[PDB]
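1. below you'll find the sequence and an experimental structure to go with it.
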Amino acid sequence: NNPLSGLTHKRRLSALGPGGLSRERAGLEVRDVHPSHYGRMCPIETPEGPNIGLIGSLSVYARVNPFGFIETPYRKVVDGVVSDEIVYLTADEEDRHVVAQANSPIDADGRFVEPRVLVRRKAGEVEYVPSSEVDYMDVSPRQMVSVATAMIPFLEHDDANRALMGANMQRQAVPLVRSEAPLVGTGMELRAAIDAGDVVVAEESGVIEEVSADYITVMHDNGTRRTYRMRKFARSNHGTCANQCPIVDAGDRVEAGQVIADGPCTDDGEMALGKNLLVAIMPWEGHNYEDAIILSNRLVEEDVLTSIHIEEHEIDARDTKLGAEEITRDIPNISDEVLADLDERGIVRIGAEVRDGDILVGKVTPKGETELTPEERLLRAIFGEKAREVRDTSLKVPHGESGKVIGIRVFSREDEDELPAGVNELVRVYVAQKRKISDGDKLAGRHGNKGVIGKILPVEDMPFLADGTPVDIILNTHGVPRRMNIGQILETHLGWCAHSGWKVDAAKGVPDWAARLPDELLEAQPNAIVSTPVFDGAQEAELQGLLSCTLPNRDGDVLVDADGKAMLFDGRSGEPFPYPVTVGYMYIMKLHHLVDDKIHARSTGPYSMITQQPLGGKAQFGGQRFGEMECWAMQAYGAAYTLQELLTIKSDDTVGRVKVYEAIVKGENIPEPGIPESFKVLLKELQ
Amino acid sequence: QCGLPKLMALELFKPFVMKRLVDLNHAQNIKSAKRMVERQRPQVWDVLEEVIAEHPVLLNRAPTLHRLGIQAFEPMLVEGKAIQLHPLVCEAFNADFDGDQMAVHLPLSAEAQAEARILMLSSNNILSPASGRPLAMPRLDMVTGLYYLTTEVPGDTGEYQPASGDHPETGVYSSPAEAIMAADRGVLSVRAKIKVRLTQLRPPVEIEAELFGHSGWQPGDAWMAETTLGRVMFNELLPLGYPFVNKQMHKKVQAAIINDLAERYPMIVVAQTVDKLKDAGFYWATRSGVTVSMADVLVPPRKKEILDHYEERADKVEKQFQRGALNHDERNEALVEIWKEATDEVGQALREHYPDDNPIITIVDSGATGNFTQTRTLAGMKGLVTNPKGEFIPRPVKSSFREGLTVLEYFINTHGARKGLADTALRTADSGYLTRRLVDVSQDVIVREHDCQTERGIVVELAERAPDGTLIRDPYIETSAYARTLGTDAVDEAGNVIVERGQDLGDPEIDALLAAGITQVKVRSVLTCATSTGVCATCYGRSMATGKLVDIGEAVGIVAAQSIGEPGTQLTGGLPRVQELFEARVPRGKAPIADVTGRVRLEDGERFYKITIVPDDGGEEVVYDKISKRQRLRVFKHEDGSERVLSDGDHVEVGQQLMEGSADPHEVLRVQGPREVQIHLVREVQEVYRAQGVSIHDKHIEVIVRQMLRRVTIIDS
Amino acid sequence: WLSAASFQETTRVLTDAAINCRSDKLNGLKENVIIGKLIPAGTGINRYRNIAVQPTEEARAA
Amino acid sequence: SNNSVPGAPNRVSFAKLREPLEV
Amino acid sequence: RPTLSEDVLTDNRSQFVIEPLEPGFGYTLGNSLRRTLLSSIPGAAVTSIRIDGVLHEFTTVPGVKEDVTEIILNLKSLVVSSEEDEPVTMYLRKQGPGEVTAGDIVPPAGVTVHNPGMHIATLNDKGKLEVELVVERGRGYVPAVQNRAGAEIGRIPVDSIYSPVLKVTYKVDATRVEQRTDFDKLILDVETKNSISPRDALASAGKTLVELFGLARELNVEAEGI
Amino acid sequence: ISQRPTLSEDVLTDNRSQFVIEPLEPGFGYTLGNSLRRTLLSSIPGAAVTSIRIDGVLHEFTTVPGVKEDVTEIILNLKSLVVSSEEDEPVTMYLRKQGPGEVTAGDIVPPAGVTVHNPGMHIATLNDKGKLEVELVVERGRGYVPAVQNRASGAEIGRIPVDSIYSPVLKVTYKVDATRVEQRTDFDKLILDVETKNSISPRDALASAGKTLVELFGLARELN
Amino acid sequence: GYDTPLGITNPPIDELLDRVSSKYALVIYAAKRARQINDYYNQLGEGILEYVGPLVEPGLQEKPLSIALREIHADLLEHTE
DNA sequence: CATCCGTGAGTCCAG
Ligand SMILES: [Mg+2]
Ligand SMILES: [Zn+2]
């Protein structure tokens, strides 16, 4: 889906598989978070459904030792003094020793502050222990988490339940036409993007000799030249748009290891899973009821939440007993209006516009010489049109799909290209879609705050600030204190201060709240980027202070207060909202669950081979299932005919479903259902 | 109504549209019309709007737990590709909007549409067939929005002021059309207590008698009231003919109103009235000012003061265990109690420190959503986390999520968080399984007759006799009596009959017997009435969904099953106890029951409990053998003091549960007979759903249990 | 035997039912659903199923 | 700064100084 | 397509239906038109009153059923049209048993009472009533504290409902024009006094707003299409 | 209790102008300036590019040899192009540049009746050996018109339909000073804030708004 | 006394139930009549002796169910079980 | 009252 999605997959630890355990065999003990998981396997990153606890991500700092166990780095303390010497300890090698937490206060030399400090011990037991007994200590606060988990700002403010989803959903983020880096970060965004290998990193230092959208050439110091080709508009495993673009301008001095060009979901070599939108925390006209989401039309009018999706469509021509399938522009009983987008071969032309039902590749097959209808013979005598023996088996556009034809690949057995036994011509057609965001599209933040798009109001309908700026996303208040994920609120606060910029008051000395604040943050510019590492970063005292330092806009007026809130104006009525509303910026990701994909329906269609019931899935264009639990609901109501209708004339009554179609198109009455073919099968199975 | 996507509708009504395509000659035949639909020609979007006219469709949401899991709607076309749903059926479907997908089935036959529009339409199914409470009612933003304006604020501007000095009485308006212009200018608050003359709202029953003599209130008759402007606007929805309500709209308040509208007023009034409520809520929920910031979420002021008191109390128990004076089973048993008390005192620290202005408390105290335990987890503290074993951890999480949990706190919390999710997923499987078992056993159970006419019924404790005198309403009134039908005339001390036989019990009718002094009524039940196949109509009684006598033909057994299985996710006795009863297993506790009534002879030994019973009426002594791990149940004795644990010399009835635990139903049968074992099961079952706050009417349980005793064994051939 | 078959222990039911030569009367909810009959409940029962609707004599073509 | 190793955009960090070892 | 204007009627009030507005102009028109009818139309009502047998408010008037409060309210409901802007004064005197109405009022030249059957107060025997009214002109609604300065020998400040419009609500639905289901439909409820028709109160409310948007238009009169 | 016709003052800035209007009815200013704000943001006419065509290009998703940017990022850069055409009918602009160097909006040639208001706008960074030949089409309209609508008409396989944001209005707001002093001195003062795209003047924007609004409010005065 | 029923809520169900034994009964009561009317249109074109046409004025493009359900409200139909 | 074998252990979806 995205580069992060890829990286995490490679860092997966599954207990399932041959030699391992089955899903049903796995009890409750296996799945829960073991003490030894510290620094080795993430306690948060794991699936939600029936696979919870059996799939985990490897922690950030851990590595695998030549025997197949999981080691992890610890700092060595000789005698109360922290040493830079680092040794990796296995799970059971850590149990015999005694470990201090990373955040324990250390002297500038390396000595501890207090005699008794926070200590980790065998069997997940914790106690205070004198400094003389401290063997090791943790490398980092963010040591126990994984890569994806470490990209969740203010993680220590969210319950494990939602934070679990936030991590799992980050891999579900869709690449947008161009990606912005989040205003609020953790620092992991950098190292994550680089190791992803879907960005472009310089191997040897030098200078950009030449740049194009196609490729970048680097003139090294020793005289040799290397050229990195850009992946341009390529289809992924999951129909996402892997497109890379150069960062550096021609003639830039670049050192080795530097990201010279980023790919999908990447801004300046940083994981860019979403956009930075102007958020408002308030229930609004019921359209955000039960975790739905309200959008500003700007996001459509400016392609803010727009993504690109490629589909790969295939068709082949085989040797049959009646001859062989041949791809041609000549298709029986088709007007030239429908073939207008084809080449002389019969293939769609590159750059053409296709809609659902249209023709991509014109293939015909010789049909079995069976005696044509004595009624159609007659009809072919009147109009004197001799029938062709070739039946249309052309590749048409599936229901739902739509876009522009961005590439044709053609293999022929003629041109010595190697095909499987029986295939002559095989054509591939790549069609992309520029999907703007629409209602029902799943939007979410890093804090397990998911939701489909309720309503996209016109840009004028959006509640707005004093200087006229309309918000982008209206999140519903009710769905916050329940989930315990108020990290999304802290993010918005820091998100505003990052957008507005700030300045701590240095007069009369450095303030006591901003005492622990590193020197580089006492002064920030509008649209500045900041880190808030997990189990570190900003604290509640500083965040309150920063809201006070909020630099005014262009008009010289401050927009939000120290509470973090501001005054809004209802764009519909005009009157200002009666109470202060919390306003700032929140990083929102576009997940890969879009209505264009999820929507599906069917009147009639294909059917099963044995049970004669409808097939299953959108891909097969099948009907929904009205199962056992659904049947109880019908039986409960006392809706006899509806329930009968569903399982007979709607399902597998061979003569029935046919005699239902006619009755409808003739405008008659629905006949009395027959015997479900599925039952007959049962009877012949019993025999 | 529901918003059916234009795209979805086209394929759904595909052969229906082609019909009207060859009709109005857009297409020459049936073949071409298909092409038109497939090409999505501009003509068809005018054809489709005609086709779907008042043609109901179906909306299903998995898992379909109860019958309201599928509700029929009037189809409305809409741009976009998503299905638009009404907020009020979110309770029934259990459908939030974090990415749910709903199934859509198109009824075809003339019968099918008739069924859908009449039986299954959302507007006709407002109540829960399991309980009779409103499911289609204000729920989240709607309740928070209504609770806003109906709240009376003291010092708010525009308030009523008595006259004193040279300035007259401030706060009196001639009409609602006047006060509306007052808040527009900015003089009056919509939550401030004032005085107004009304001309289109029936006054309270207690006041209507004072100002008219119940001469019959009439649209036009004026009257003065002491409410808030917002409470006035609210009563205009109920609307006329319904007694004015002067309170603040907590969910329980609004629930009462609807449940009263359900009893008296017709369905289409309730359906339209509840529509009025929803629109009222959302409009004001937007203007309620409910907003989550870093400020509003406030940590208590005595946060570290209280936690240091219970940490100091905890270091005394750790040192008392260090000397080995406390058992290892008692140490943790004492530690859990110290911290449970700590968490409570942190909770009290919020409520008085938090203004009623505070949104986080506003949402919780108003029945909108969320518990105070969440708010305590949010601002106060997390408290005890669960062990893998299930026992509560001796170590507490002292931090709140606002303060930022420590690295080591987060870890043990996550562990319990995941095990919680895991158990949740496993009970659902159990519940859904238990569900299908109850269905199969109760399929032949249908309403077949209008009346069995047997006089057999069962006694229900209407109210307990209060010790000082008078009476106390029984805790089991709602679920055991309120929907039953009477099989015997209910007489007080006098010869006067309060309620006849063949009369459905309603709310005022329970008030007719509660004041009369009578505390026991005989009621028709599923168990008692005996018909050839299935059950009769009269005994079953008032259908919980219709608020009227059950129609002839309802598959009540299935509904019963669904009613019990639907909330079976929210359990901790617990769900295992539920299976143990319906499957009639020889219980884990295996609590012994007296075989014959008589005087008790306790003769405990430290190694073993032995119980001997001297028969009341002559007889020979019957003696039992009991394990010391179990304890004697504090049964309500003749002394009317239930807290009296079993003592020697006490007198027990026949079949009286001797010790704490679960009696063996099979022994209850052989000792107390086929009828008593039915009442035992039903109430033992009930106790489980009670403790977790689930109210199923006894009616549904009895249907299943009846299907347990329909067979008798063969002793002699 | 049908209702029992589609419940649990399918193979156990059939072995017994075949030996017992049990003849199933198709008159139950699980029963009728399987064969596709109108379930013997609600709108399915003969009381409601067999209904004749006719115009009032007073009601007459204009 | 947080990661001044590759040549990256400066992402200022609220922190206690983290110098044990890079990811 | 150009927009229409509809009407659904009642004696004192009516509903107006405006469709189809360009998408997002329903709420652009709604609140702006309501405040106008309520605040931008001139009429006439009661500013201040004076009672003979009153030195303080809490005591009711000697020989009168209604409290001092219930009489003010009934007088607030009095619909009156004055020809002159400058404040006039009418007298209402009546004694003995019976009921005093709005037909007993003695109005100045060019001042009319439109509901002469309005109940005001029920007098008993030996019941005397002498009241002095102060009638002004204005727009909308004006508080009582702003009219605190009648002769200080019993001057009472009264809420002045100058506006001949009583109450107005509005809803914005969406009509489906062409293929676009985006166009807005505005439904407007308007209830007036017995002075002016709702049908008339809107036209003046309409004409008034036309004056405001004239200032902007005057500069260049660029473009638009109906 | 006072009658005075209203005024329409103005305090300026080159790009944005404050309009002062008074004296207005009490509690009226908020819903008046908003009626204007929702008129400016949605229905102010202007001109913008509808379709384009690039040599060697047949669709939106490819690369022009020797050019630093892709067609998508190029078409994305053109969304910030400010243009004012008077021709009610479509007109064709041009842009041709070769070799090393940067191309900008200045290298665009508007025909008679078309003007570019931002020549310094970066478009593409053509390195050596690079050539770019574009053919831009501008139309008049209002509000926002999606690109997708052009494709079905009959457009050839060369033309690449581009989204259109006709509204030349940038950012609009308002504030109100209501004198709520207990007297007949209760009025509302309106201060409108209008910022444009240097395509039209903030004043000229308020005029078209009024012109539209006047012709809309005139139908409430007409008789039945 | 209520507000005018809109769409599929008309005819109001409460008054509809006053003329029938139960909810289920009304279903077959109406549908079989809605069936009769739809037969009448189809048959009339080619077959005389059809069931009697709708006893009330048909709404423009009104569903045969919507027709039947209205005349039930008009008490113009006779009921038998 | 405790062992050994055979049969259960939520729905829909996607894939
Ligand atoms: Mg959900
Ligand atoms: Zn019975």
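-> Done, it's in. Numbers count the residues shown, from 1 in each chain, chains lettered A, B, ... in the order given. Ligands and ions are numbered 1, 2, ... in the order given.
2. which element is residue A:407 on?
-> Residue A:407 belongs to strand A:403-412 when assigned by DSSP states H and E.
3. what strand or helix carries the most centrally placed residue in chain G?
-> Nearest to the mean C-alpha position of chain G, counting by CA atoms, centre = their mean, stands residue G:68 at 1.1 Å. Using DSSP H and E, residue G:68 sits within helix G:64-73.
4. so what touches that helix?
-> B:54, B:110, B:113-114, B:117, G:11, G:15-16, G:19, G:26, G:29-31, G:33-38, G:54-56, G:58-59, G:77 (CB atoms under 8 Å, 6 or more residues apart in numbering or on different chains). (Each C-beta comes from the backbone N, C-alpha and C, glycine too.)
5. do you know how far the closest residue to chain A within the stretch 1-150 of chain B is from residue B:219?
-> Across the stretch 1-150 of chain B, the shortest distance to chain A (CB to the nearest CB) belongs to residue B:82, at 3.1 Å. Distance, residue B:82 to residue B:219, by CB to CB, to the nearest Å: 43 Å.
6. bridging residues for residue A:77?
-> residue A:82 (DSSP bridges).
7. identify the residues contacting it.
-> Neighbours of residue A:77 in contact, by CB under 8 Å, 6+ apart: A:83, A:100, A:134, A:135, A:136, A:137.
8. and if you look at residue B:487?
-> Residue B:487 neighbours (CB under 8 Å, 6+ apart): B:455, B:456, B:457, B:501, B:502, B:522, B:523, B:524, B:528, B:539.
9. neighbours of the residue lying closest to it once chain neighbours are set aside, how many?
-> Excluding the flanking residues, the one nearest residue B:487 by CB to CB, 6 or more residues apart in numbering or on different chains is residue B:457, at 3.6 Å. For residue B:457, the tally of surrounding residues (other CB atoms under 10 Å in any protein chain shown) stands at 21.
10. secondary structure class for the nearest residue to residue B:27 once chain neighbours are set aside?
-> Nearest non-adjacent residue to residue B:27, counting by CB to CB, 6+ apart: residue B:33, 3.7 Å away. Secondary structure, DSSP: H, G, I helix; E, B strand; the rest coil: residue B:33 is helix.
11. how close does residue B:33 sit to ligand 2?
-> 56 Å (CB to the ion, to the nearest Å).
12. so that residue touches residue B:24, yeah?
-> No: here residue B:33 does not reach residue B:24: they are 10.5 Å apart, not a contact under CB atoms under 8 Å.
13. show me which of those two is the more surrounded one.
-> residue B:33 (24 against 11).
14. all helices of chain G, in order?
-> G:13-17, G:23-44, G:64-73 (DSSP state H).
15. from the middle of its chain, how far away would the shortest one be?
-> Using CA atoms, centre = their mean, to the nearest Å, the mean C-alpha position of helix G:13-17 is found 13 Å from that of the whole chain.
16. just the buried residues of that helix, please?
-> Residues of helix G:13-17 classed as buried: G:13, G:14, G:16, G:17 (neighbour count, 16 or more other CB atoms under 10 Å in any protein chain shown).
17. give the contact list for the residue in chain G that chain E sits nearest to.
-> Chain E sits closest to residue G:4 of chain G, with a gap of 11.8 Å, by CB to the nearest CB. When contacts are counted by CB under 8 Å, 6+ apart, residue G:4 touches residue G:10.
18. any idea how far it is from DNA strand H?
-> 39 Å (CB to the nearest atom of the strand, to the nearest Å).
19. quick check on that residue: phi, psi?
-> When read as degrees, to the nearest 10, the backbone of residue G:4 gives phi -60, psi 120.
20. same question for residue B:557.
-> According to degrees, to the nearest 10, residue B:557 has phi -60, psi -50.
21. my guess is it contacts residue B:443, does it?
-> Yes: counting by CB under 8 Å, residue B:557 does reach residue B:443; the two are 6.2 Å apart.
22. so between these two, which is more surrounded?
-> Between residue B:557 and residue B:443, residue B:557 has the larger neighbour count (other CB under 10 Å), namely 30 against 23.
23. give me the contact list for the biggest strand by length in chain B.
-> As assigned by DSSP state E, the longest strand anywhere in chain B is strand B:609-615. With contact meaning CB under 8 Å, 6+ apart, strand B:609-615 is reached by B:592, B:594-604, B:621-628, B:630, B:652, B:658-659.
24. in a strand, residue B:272, correct?
-> No: looking at residue B:272 with three-state DSSP, it is helix, so not inside a strand.
25. which residues touch it?
-> For residue B:272, the residues meeting the contact criterion (CB under 8 Å, 6+ apart) are G:2, G:3, G:9.
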